[PDB]
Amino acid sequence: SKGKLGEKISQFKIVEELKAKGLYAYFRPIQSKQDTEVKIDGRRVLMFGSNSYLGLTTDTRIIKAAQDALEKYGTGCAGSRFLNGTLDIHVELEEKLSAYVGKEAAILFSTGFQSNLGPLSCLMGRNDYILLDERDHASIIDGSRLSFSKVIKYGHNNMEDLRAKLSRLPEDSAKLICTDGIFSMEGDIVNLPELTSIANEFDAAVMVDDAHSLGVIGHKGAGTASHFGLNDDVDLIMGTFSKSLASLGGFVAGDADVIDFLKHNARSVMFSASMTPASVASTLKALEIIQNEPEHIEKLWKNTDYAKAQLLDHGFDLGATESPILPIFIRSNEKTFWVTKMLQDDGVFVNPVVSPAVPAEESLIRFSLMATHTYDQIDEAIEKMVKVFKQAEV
């Protein structure tokens, strides 16, 4: 019955308003591969709004690997990993990720989002504590919520705040600190040396979410612990397959005894169907390519350094990024919607960040690089961004 439910959604008018103003640019239907150019409504659009950092969703070897897995294993496993849903190729990918991130063992999840729900929901319990960076990814907040522990946020990369909040807690309790490695909104990196130094003093477990770090930072792209040399001070390395690795799914890696607890206790792996064979095979082949072919990570960083230099040279106001995510400040929700739509209609795809996710005065567009971007494409997009910023008067 719909009376009260109608009242619950009645106040949500922003989508109605965007559409009526001709500004709506969410759920843009793409008709082509995710690439440096995408087809929308039969037109070509430069893509600077992707998380495919290495451009690998179009790699013919990864496509063929997925196509070959479909031929061999079919379209799905039709069950959870713990029952009828495990393949030899799931185990092969867990061994290969374990090796890549320098951990004993790993467990796959069918999404990155579910990869965070697993360890955050089931390791800390009643009388325990989870400490979260206040800018942690939504999946980390939600995972923590599914625990029976007390969830405490600390100031973004604020090590004094972390230390103070940990010092307040009963000695006779377990604590786990979970942080994004690279934070997607502003593209900044966790202070993992100070965080792990505090974790060690309070015997708190450390989990890092490397969704935006894998294939971006660390040796051969192995992530944030690898970037800092701190493998031995990080208990759990969580990753996704939906960004550099050009697929769908994720993993948590760590000590064999912890991973064995997780694979048997995490509801998001016990009660959700396993990764499709095609996604396992595309993840396996992408992981081989990132290691074997250092070109991809090098070119991603050539493009990032070029684009960032060009944007600062044109007088754009950039967020404190340390990654291929280049946040461009606009500081008006209405201009941010207008700029996004004008760029879309001129053939540039960027992602807006607006209220209520951020305060109006910190509203921005995110311009993300891929390894397969050319300097010609970056130049065309920045030229159009200068024109649209001028028309929008920012």
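For every residue, the number given is its place in the sequence shown, counted from 1.
- Stretches 183-191 and 234-242 differ in mean CA B factor, with 183-191 having the higher one.
- Comparing 168-176 with 282-290, the higher mean C-alpha B-factor in the PDB entry belongs to 168-176.
- Of the candidates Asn303, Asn127, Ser115, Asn84, it is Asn127 whose Cα B-factor is highest according to the PDB record.
- Ranking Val45, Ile30, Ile62, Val354 by the C-alpha B-factor listed in the PDB entry places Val354 at the top.
- Residue-level temperature factors show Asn200 in the highest third of its chain, judged at the C-alpha atom.
- When the modelled residues of the chain are ordered by C-alpha B-factor, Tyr26 sits in the middle third.
- Ranked against the other modelled residues of its chain, the C-alpha B-factor of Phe251 as given in the entry falls in the lowest third.
- Compared with the other modelled residues of the chain, the Cα B-factor recorded for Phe228 ranks in the middle third.
- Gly319 sits in the highest third of its chain by CA B factor, as recorded in the PDB entry.
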